[PDB]
Amino acid sequence: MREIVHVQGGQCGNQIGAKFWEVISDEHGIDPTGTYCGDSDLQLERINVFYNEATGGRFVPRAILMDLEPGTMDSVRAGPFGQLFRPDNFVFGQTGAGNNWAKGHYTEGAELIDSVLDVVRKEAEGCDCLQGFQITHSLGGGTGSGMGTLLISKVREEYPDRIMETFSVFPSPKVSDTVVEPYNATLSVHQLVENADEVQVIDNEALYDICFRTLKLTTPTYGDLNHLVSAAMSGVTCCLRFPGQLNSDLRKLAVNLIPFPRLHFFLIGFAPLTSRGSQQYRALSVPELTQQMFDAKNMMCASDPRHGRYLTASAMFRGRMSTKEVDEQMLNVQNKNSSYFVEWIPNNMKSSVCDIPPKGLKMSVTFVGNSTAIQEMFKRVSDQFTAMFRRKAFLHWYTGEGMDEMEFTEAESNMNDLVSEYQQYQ
Amino acid sequence: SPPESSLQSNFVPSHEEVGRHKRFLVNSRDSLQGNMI
Amino acid sequence: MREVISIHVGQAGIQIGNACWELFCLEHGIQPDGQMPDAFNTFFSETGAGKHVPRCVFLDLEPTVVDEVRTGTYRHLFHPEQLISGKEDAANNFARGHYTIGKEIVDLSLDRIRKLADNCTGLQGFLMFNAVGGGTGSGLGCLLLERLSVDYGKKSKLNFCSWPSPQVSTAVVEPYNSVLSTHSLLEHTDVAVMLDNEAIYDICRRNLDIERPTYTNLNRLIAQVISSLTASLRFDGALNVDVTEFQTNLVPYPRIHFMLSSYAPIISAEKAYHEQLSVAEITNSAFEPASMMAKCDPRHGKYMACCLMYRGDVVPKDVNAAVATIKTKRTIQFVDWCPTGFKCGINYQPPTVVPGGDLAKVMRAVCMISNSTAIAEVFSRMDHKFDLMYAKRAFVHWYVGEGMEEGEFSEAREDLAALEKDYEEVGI
Amino acid sequence: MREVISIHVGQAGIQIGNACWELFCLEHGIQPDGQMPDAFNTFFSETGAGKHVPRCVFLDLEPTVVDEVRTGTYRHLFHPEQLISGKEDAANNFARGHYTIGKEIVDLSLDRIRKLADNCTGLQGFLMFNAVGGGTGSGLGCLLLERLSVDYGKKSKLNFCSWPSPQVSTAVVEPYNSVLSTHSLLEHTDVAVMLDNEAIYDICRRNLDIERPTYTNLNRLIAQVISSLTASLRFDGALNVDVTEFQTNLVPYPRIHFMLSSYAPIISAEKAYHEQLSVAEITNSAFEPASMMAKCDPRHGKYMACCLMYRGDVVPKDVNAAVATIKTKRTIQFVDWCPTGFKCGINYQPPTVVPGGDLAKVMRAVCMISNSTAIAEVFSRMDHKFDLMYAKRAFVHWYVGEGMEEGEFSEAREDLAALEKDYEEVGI
Amino acid sequence: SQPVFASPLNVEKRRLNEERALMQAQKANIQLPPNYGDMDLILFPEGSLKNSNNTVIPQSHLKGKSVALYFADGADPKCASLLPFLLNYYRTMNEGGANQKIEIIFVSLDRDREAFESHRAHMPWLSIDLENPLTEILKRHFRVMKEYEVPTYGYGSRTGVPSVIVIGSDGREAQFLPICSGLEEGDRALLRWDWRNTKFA
Amino acid sequence: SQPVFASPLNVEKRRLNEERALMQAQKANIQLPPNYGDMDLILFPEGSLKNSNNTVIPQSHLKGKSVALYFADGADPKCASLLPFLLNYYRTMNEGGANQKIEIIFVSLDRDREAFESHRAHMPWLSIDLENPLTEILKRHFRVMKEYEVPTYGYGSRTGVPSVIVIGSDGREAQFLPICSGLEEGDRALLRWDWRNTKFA
Ligand SMILES: Nc1nc2c(ncn2[C@@H]2O[C@H](COP(=O)(O)OP(=O)(O)OP(=O)(O)O)[C@@H](O)[C@H]2O)c(=O)[nH]1
Ligand SMILES: Nc1nc2c(ncn2[C@@H]2O[C@H](COP(=O)(O)OP(=O)(O)OP(=O)(O)O)[C@@H](O)[C@H]2O)c(=O)[nH]1
Ligand SMILES: Nc1nc2c(ncn2[C@@H]2O[C@H](COP(=O)(O)OP(=O)(O)O)[C@@H](O)[C@H]2O)c(=O)[nH]1
Ligand SMILES: [Mg+2]
Ligand SMILES: [Mg+2]
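Residue numbers (PDB author numbering), protein chains in the order written: chain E3, 1 to 426; chain P, 536 to 572; chain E2, 1 to 37, 47 to 437; chain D8, 1 to 37, 47 to 437; chain t, 2 to 29, 35 to 207; chain v, 2 to 29, 35 to 207.
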């Protein structure tokens with residue numbers, strides 16, 4: 001049946017990918033040694049959506065691990081659930097991109113392109129046909145952004161009609177390391193606006209906020225934020241893996257949420273999210289599941305949606321549920337927040353129901369939403385890019401590896417058109 | 536064995552065919568000239 | 001002899017169909033294996058040791074609901090290629106239903122229909138169940154009706170398509186999918202009967218006081234409706250109602266066949282222990298606008314024709330006393346060119362209750378299907394929220410870039426606008 | 001009194017003889033030693058104390074498939090010298106397989122075909138199962154058909170030739186071997202029947218739903234074809250069809266002796282008890298164009314004869330009733346000089362299902378052999394493939410230096426085009 | 002003698018069943039050694055079968071049921087994949103009917119004692135324990151071996167673990183469901199268990 | 002075989018019915039295995055049901071009832087919330103009429119003996135002591151689970167504690183009362199308890 005092919009680039013993609021397959025195998029009851037435990041039909045009826053049998057009964061993820069520095073490949077393999085992947089899908093670079101777009105996209109990212117497209121074709125053409133691609137990478141550095149988005153382009157002259165999930169993390173608004181942030185971010189953005197079917201963004205300071213005030217963690221590490229993102233990873237895709245009263249998939253999401261092909265940017269979120277002692281104190285029912293969901297703190301983006309206007313929206317659902325009250329509360333939030341939704345699309349909400357909850361929960365929700373409030377955070381990337389551009393700073397790292405000046409000017413003009421078309425829909 | 540003859544010497548069929556019915560539910564009715572109970 | 005073929009396109013058709021056939025199996029006595037521990050002929054076939062296999066096809070472009078029926082309880086009741094499945098979902102798109110995926114599944118679909126129809130003469134018609142808001146229920150649902158008119162011309166084709174609500178629709182591009190399905194089924198559907206999900210939600214909340222039921226509880230109530238329509242086809246009764254006068258009694262003009270429904274009594278066991286169930290009040294409940302089946306208010310709609318299907322221990326005397334009461338009643342107004350307005354059909358079999366369901370064991374019931382002018386408003390709200398979103402090219406690039414050209418939207422727009430003018434002209 | 005002699009050449013012929021005699025032993029009660037714990050007289054001969062012995066020759070110049078048969082389970086059933094083995098492979102070469110390496114095995118094969126057909130007079134005919142694309146299946150098959158024609162000219166020459174598919178050809182020199190073989194298949198073969206591999210591949214893929222089938226499952230289906238072929242010859246029936254009836258009812262011109270084949274029902278246990286496989290539901294699937302066993306699409310061809318043979322508890326009432334609806338449907342069509350085109354045979358004994366195979370225990374079955382104008386297409390792409398690769402002398406040196414001469418290819422090209430001019434001459 | 006000649010079940014079948022043939026010949035023209043279809047054996051002794059409530063049922067209870075063996079191993083990943091769908095096919099087959107149709111007897115290819123109870127706690131059908139010699143003579147009769155450690159008498163491994171073997175009252179190989187064979191129909195081969203025809207009687 | 006094929010009370014059923022059906026088979035065309043309609047169990051034995059003040063109460067005291075089974079835990083606050091609601095309902099239903107209509111059989115999930123006596127003292131209906139194997143042979147039969155600890159044969163989580171299960175004569179699930187189910191509707195689903203159709207015969 002349908003198989004989605006997973007692609008992880010950058011050191012961020014290696015460890016969000018490891019936490020991804022830790023949660024997906026936790027849902028599917030898969031031992032890290034490759035076997036299956038759980039004696040349940042409904043796990044194993046959709047395994048080919050993410051795994052492949054290996055003539056010993058063991059399941060290998062159809063994921064590709066990608067970096068130019070094997071330090072992050074070593075950390076993935078040595079940890080738990082690192083003996084699940086094949087070692088052939090780990091493509092190794094030995095030089096490493098030092099937070100340079102030109103190093104990972106044009107000069108030293110290029111020699112690893114032909115060694116990884118045949119890895120993509122190994123299982124994309126290894127099946128009869130695939131449902132789509134699911135790439136997740138980083139834009140703050142070089143080996144995630146330049147290598148990742150060049151992979152996005154080269155798989156579209158081969159698979160033009162196939163869907164393109166991209167989970168791209170964005171530079172920090174407030175406390176940013178990697179002092180060359182904005183060049184790598186902007187060089188990603190004007191390239192991905194024409195060759196990504198749907199972009200759905202993540203910000204680390206939003207995940208810090210979730211771990212702080214709605215989870216109350218005194219010391220959240222990077223794996224805690226990775227578990228938050230990985231929960232939204234299984235949420236957007238489990239409607240294929242499990243049945244439900246109202247089935248959906250990723251092509252369901254793209255056609256319902258993209259009225260215009262130049263705008264495909266989304267907020268991401270996941271609920272319920274309760275603290276240590278408040279897990280037994282709080283009711284778990286669909287009125288409050290939606291009431292927490294459409295809040296500024298719940299989103300995994302550095303954008304306040306109340307400043308913007310929800311253009312199109314979609315929340316999937318999981319678990320033992322009931323079908324009017326999943327829907328009429330999307331009516332309720334459309335009727336109270338009548339100023340937070342656009343008026344020239346009637347009933348801006350997509351609702352889908354999956355009958356399987358995640359492990360440990362009995363109902364849950366994963367909301368993606370094409371909001372125009374994301375324009376607020378292309379602006380802070382853009383005006384910090386052009387503040388450093390007129391200074392003529394740090395472009396000798398970029399033009400010393402075979403990049404023209406005029407591609408940077410095309411970066412500013414394309415993102416200026418991106419924010420201009422989002423503004424007039426408000 | 537070939538299929539057997541389905542006609543007697545009287546020259547008439549040998550076995551009936553049950554007609555395609557309609558799940559007959561009866562109706563209790565009788566009236567006029569005493570008109571019962 | 002008599003046989004009727006049921007077609008279910010889309011996963012809305014699947015979920016309405018599994019509950020529709022589990023009632024038929026409990027109505028005739030078919031175990032989940034297809035054995036009878047003779048009216049099965051009009052819905053269940055035969056193949057030796059009681060094997061009463063079904064006469065229904067189950068179309069879906071995605072497999073995620075069809076093969077879990079194969080995994081579920083009803084494996085060996087259904088013939089395995091009667092359950093027909095593709096690989097990829099149409100995903101709320103008329104173009105994805107027609108020109109890219111549906112062209113490869115419709116050849117095997119009509120192959121199965123042809124084999125399942127040529128088994129015995131006596132085919133009354135086709136019962137279509139679909140979702141007009143969906144992608145395969147509307148797109149592939151259209152192309153099946155195109156290929157059924159080209160070969161099976163003079164056969165009746167009933168329709169029960171789930172129209173979306175003004176409020177609960179769970180999609181955004183159902184303005185596109187629904188009004189392209191109208192351009193299908195004004196000229197291909199013989200009798201169209203309208204359905205709506207909140208019009209079943211508000212019946213479940215009020216008439217049974219069930220605060221949290223699901224999609225499957227809607228499917229029992231509609232299964233009782235279709236079983237009541239085929240009550241006279243299978244069981245015996247005083248007034249026989251087969252399919253040929255659902256159209257010649259309810260359709261006065263060939264472009265006027267969109268019509269409404271209602272079911273009564275919908276009463277739980279805890280309310281049937283106090284209310285007496287008389288024939289006079291069950292049809293009075295079937296005339297209430299709040300008891301309606303597709304959320305179409307009949308105070309501003311004007312009843313051209315009606316059909317009543319009494320099922321149970323209904324004496325014909327109080328049939329005629331109750332229907333004389335509604336002619337006296339002023340708030341249900343009828344048309345001056347159709348002074349008579351009623352076709353009545355009595356069947357002696359009581360309604361079959363499902364254990365573990367929502368309904369109780371009642372001794373009498375009504376299934377009312379009424380063609381009224383009130384169907385003008387369910388398309389006028391379709392007018393308002395189509396032009397409100399078509400005006401700025403939203404969600405158009407998905408359709409135009411996938412086979413179908415710009416301009417078919419405008420002629421389907423003029424099609425339902427012509428339907429608006431037809432209903433206004435007949436309602437004078 | 002009455003006997004039939006089967007002849008198998010090539011590796012394909014040997015294992016197609018293993019399947020049809022795994023079946024014939026299983027229906028006649030023949031253990032692999034031949035001991036019963047008079048209808049057997051066609052395929053088995055009484056030898057000694059209750060032993061029944063095969064009536065065939067197994068022919069192959071390479072030992073690699075035949076000597077593994079004589080070390081198998083059926084090794085004390087077969088006579089050792091009926092299985093005749095060579096020493097070296099013909100190796101896809103008509104020149105070696107006819108002239109060079111095939112001349113020292115014909116003297117043993119004609120000795121055994123004499124010693125097997127001289128025990129009783131009134132021999133019913135010879136059957137031939139050859140691989141057209143093979144080396145010894147084409148070369149040795151041609152020369153021994155030539156020698157059995159000069160010896161026994163007035164006896165029937167059946168042939169079920171396994172043809173290469175348009176896309177499945179599993180070698181490279183199938184244009185040379187098949188075109189050279191059909192030069193003599195035209196001239197001294199009384200009956201020719203095409204068994205294309207990919208057609209039977211597809212039939213197992215959708216009807217029996219095996220998506221990894223092997224040459225075993227291919228071979229069982231031919232075994233069912235030959236079993237319902239000679240069912241009327243072995244057992245009694247309502248209406249006998251002899252092997253002499255075949256050419257008199259399917260061959261109106263001596264050059265046109267190339268017909269088709271189809272077997273239905275080929276349902277699987279799971280799908281079996283789900284259909285009333287009736288004398289019609291099974292004759293409609295027998296005439297289905299995709300149920301063809303040689304992938305010759307007949308919608309662009311005109312039927313010029315057809316023979317149907319029913320096998321089971323078949324009443325001829327619905328034989329005549331179902332064949333009338335075959336005659337009336339316009340998707341099928343007959344050439345106007347045969348207003349009737351139907352020869353029927355009826356056998357009472359039902360087919361016997363092999364354990365662990367892929368069929369099911371089916372009470373009634375149909376095998377249908379049709380002559381058509383649609384044989385012109387299997388030779389028309391044969392024209393394309395041969396000229397496309399004969400153009401620049403490819404693989405010619407394996408034939409010229411190994412026995413034949415430059416010019417055999419030109420006349421084998423010429424007489425197949427003469428077959429095409431003859432077939433379209435029928436086709437007006 | 003079927004399907005194999007070199008198996009401990011069938012050589013004990015031969016030894017026992019012409020044992021009483023000499024005895025009744027001395028007591029009495036009789037045809038010795040008796041024919042294969044005339045041969046009748048016991049397949050499961052009095053204290054062999056064991057249902058989920060840890061009580062014993064003799065072989066006579068299975069008559070009229072399409073019974074099939076099930077060779078499985080706890081650590082094998084293929085076996086842990088066949089176990090849920092075999093449980094579901096054992097479930098929905100019999101629930102959707104008015105008559106018990108299929109039955110499964112479990113034979114173990116597992117290392118030791120405590121690992122067997124963990125695997126046996128998951129299925130609801132019959133089972134045979136390791137220390138019974140009936141398990142040893144069963145997979146040496148149907149030739150179900152994960153590896154060649156026992157010397158097989160000219161054969162090969164007929165099938166790999168896991169496998170379900172539709173059996174008869176004479177130990178007959180009725181049909182093979184192709185999980186690990188030349189068809190290699192994993193996860194779907196089950197949809198071919200003719201519940202009829204094959205009927206341990 | 003209702004409602005669960007893998008039920009252990011139901012395999013305790015089958016061992017008995019085609020035990021004695023083999024006995025009429027050998028004493029005398036009898037259908038083995040017998041059809042699903044015709045097995046007759048005994049659900050509550052002579053020493054299982056206890057009434058108030060602990061006297062023996064047998065199964066013959068239950069004809070004409072609508073009998074439902076009250077799974078409960080003493081320290082579960084869900085059972086604590088619903089217990090006074092069902093005390094009031096069991097009073098007015100079973101007193102307000104011309105017949106003694108409904109009946110509740112208590113089945114325990116308590117920690118120990120002290121937890122059993124404390125919770126029993128607030129229930130006036132019938133009950134089952136925890137030391138009986140009846141409380142475990144029936145808990146798996148009607149699919150009632152506290153958490154996933156007892157090894158199951160591929161069930162689901164039909165209900166959590168508490169649960170009221172209206173039953174029939176042969177262990178058939180008459181109709182579920184959805185206090186905590188897919189309906190998720192609290193402390194009013196006991197009003198859905200019909201009694202005319204769900205008669206213990
Ligand atoms: N009454 C009822 N309506 C349903 C049901 N399932 C889906 N629907 C309706 O169908 C709409 C969504 O479209 P679907 O039916 O799921 O999609 P589809 O018609 O199968 O076509 P695809 O989108 O390509 O899958 C919802 O808004 C519902 O109104 C159901 O089980 N019962
Ligand atoms: N119908 C059918 N045809 C087969 C089968 N196996 C092989 N063939 C045909 O045999 C052809 C190849 O020739 P072989 O039968 O393998 O070999 P051969 O007939 O002994 O002649 P050589 O090639 O010289 O060895 C292929 O093109 C197939 O079409 C089979 O199982 N069934
Ligand atoms: N979402 C997410 N972001 C991360 C994670 N680890 C690091 N980052 C961000 O990624 C940036 C570091 O870029 P990096 O991947 O090291 O550069 P690269 O190796 O050249 O791609 C920092 O700004 C971090 O905020 C993670 O686990 N998840
Ligand atoms: Mg769709
Ligand atoms: Mg050859």
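Cβ atoms here follow ideal geometry from the backbone N, Cα and C, with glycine treated the same way.
Within the same chain, 134 come within 6 Å of residue 164 (chain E2) by CB-CB distance, once the 5 residues on both sides are set aside. With a threshold of 9 Å between beta carbons, residue 548 (chain P) makes no contact with chain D8. Listed by position along chain t, the residues whose Cβ is nearer than 7 Å to that of residue 42 (chain v) are 104, 105. At a Cβ-Cβ threshold of 9 Å, residue 9 (chain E2) and residue 68 (chain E2) count as neighbours.
Taking 9 Å as the threshold, the shortest C-beta distance from residue 560 (chain P) to chain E2 falls below it.
Listed in chain order, the beta strand (DSSP E) runs fully inside the stretch 194-248 of chain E2 are 200-205, counting runs of at least 3 residues. No heavy atom of ligand 2 is found nearer than 8 Å to the CB of residue 198 (chain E3).
For residue 204 (chain t), there are no C-beta contacts with chain v under 8 Å, since the nearest C-beta of that chain is about 15 Å from it. Per DSSP, reduced to three states, the secondary structure at residue 314 (chain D8) is strand. Within chain v, no residue has its beta carbon less than 7 Å from that of residue 352 (chain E3); the closest one is some 18 Å off.
With a threshold of 16 other beta carbon atoms within 10 Å, residue 103 (chain v) falls short and is exposed. Secondary structure note for residue 432 (chain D8): its alpha helix (DSSP H) is the uninterrupted segment 417-435. Among the CB atoms of chain P, one or more fall inside 9 Å of the CB of residue 245 (chain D8).
At least one C-beta of chain v is nearer than 9 Å to the C-beta of residue 365 (chain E2). Within the stretch 50-67 of chain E3, 56, 57, 58 place their CB atoms closer than 7 Å to a CB of chain t, listed in sequence order. Under DSSP, no beta-bridge partner is assigned to residue 131 (chain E3). Collapsing the DSSP output to three states places residue 549 (chain P) in coil. Taking the Cβ of residue 431 (chain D8) as the reference point, every heavy atom of ligand 1 lies at 8 Å or farther away. If you check the CB distance, residue 63 (chain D8) and residue 28 (chain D8) do not come in under 9 Å.
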